[PDB]
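Structure first, commentary second.
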Amino acid sequence: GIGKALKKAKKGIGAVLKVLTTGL
């Protein structure tokens, strides 16, 4: 049930760009 992690990940969205820089 990935829908459980993706739903909560909404709060950690800011992290989707914080680390994304390490490779971007």
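Ligands are numbered from 1 in the order shown, residues from 1 within each chain, and chains are lettered A, B, ... in the order they appear in the structure tokens.
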Exercise for the section: Report as a PyMOL selection string: the residues of chain A with a DSSP assignment of alpha helix (DSSP H), based on the backbone of this structure. Expected result: chain A and resi 3-9+15-18
Dump of N, CA and C atoms for the selected residues, as a PDB file, in the first residue's frame:
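Produced file selection_12.pdb, reproduced below:
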```pdb
ATOM      1  N   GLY A   3       0.200   3.936  -1.218  1.00  0.00           N
ATOM      2  CA  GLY A   3      -0.655   5.087  -0.997  1.00  0.00           C
ATOM      3  C   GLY A   3      -0.555   5.620   0.419  1.00  0.00           C
ATOM      4  N   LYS A   4      -0.032   4.799   1.323  1.00  0.00           N
ATOM      5  CA  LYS A   4       0.118   5.192   2.719  1.00  0.00           C
ATOM      6  C   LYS A   4       1.371   6.041   2.913  1.00  0.00           C
ATOM      7  N   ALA A   5       2.423   5.714   2.170  1.00  0.00           N
ATOM      8  CA  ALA A   5       3.678   6.449   2.257  1.00  0.00           C
ATOM      9  C   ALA A   5       3.623   7.732   1.435  1.00  0.00           C
ATOM     10  N   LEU A   6       3.015   7.647   0.257  1.00  0.00           N
ATOM     11  CA  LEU A   6       2.895   8.802  -0.626  1.00  0.00           C
ATOM     12  C   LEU A   6       2.001   9.871  -0.006  1.00  0.00           C
ATOM     13  N   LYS A   7       0.965   9.432   0.701  1.00  0.00           N
ATOM     14  CA  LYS A   7       0.036  10.349   1.349  1.00  0.00           C
ATOM     15  C   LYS A   7       0.729  11.130   2.462  1.00  0.00           C
ATOM     16  N   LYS A   8       1.584  10.446   3.214  1.00  0.00           N
ATOM     17  CA  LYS A   8       2.314  11.075   4.309  1.00  0.00           C
ATOM     18  C   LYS A   8       3.519  11.849   3.785  1.00  0.00           C
ATOM     19  N   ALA A   9       4.050  11.410   2.648  1.00  0.00           N
ATOM     20  CA  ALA A   9       5.202  12.064   2.040  1.00  0.00           C
ATOM     21  C   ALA A   9       4.896  13.520   1.710  1.00  0.00           C
ATOM     22  N   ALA A  15      11.615  17.860   1.106  1.00  0.00           N
ATOM     23  CA  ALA A  15      12.807  17.024   1.027  1.00  0.00           C
ATOM     24  C   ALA A  15      13.029  16.517  -0.393  1.00  0.00           C
ATOM     25  N   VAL A  16      11.967  16.526  -1.192  1.00  0.00           N
ATOM     26  CA  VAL A  16      12.046  16.067  -2.574  1.00  0.00           C
ATOM     27  C   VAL A  16      12.894  17.012  -3.419  1.00  0.00           C
ATOM     28  N   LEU A  17      13.193  18.183  -2.867  1.00  0.00           N
ATOM     29  CA  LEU A  17      13.998  19.177  -3.569  1.00  0.00           C
ATOM     30  C   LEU A  17      15.302  19.446  -2.825  1.00  0.00           C
ATOM     31  N   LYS A  18      15.295  19.194  -1.521  1.00  0.00           N
ATOM     32  CA  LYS A  18      16.477  19.405  -0.694  1.00  0.00           C
ATOM     33  C   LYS A  18      17.594  18.442  -1.086  1.00  0.00           C
TER      34      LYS A  18
END
```
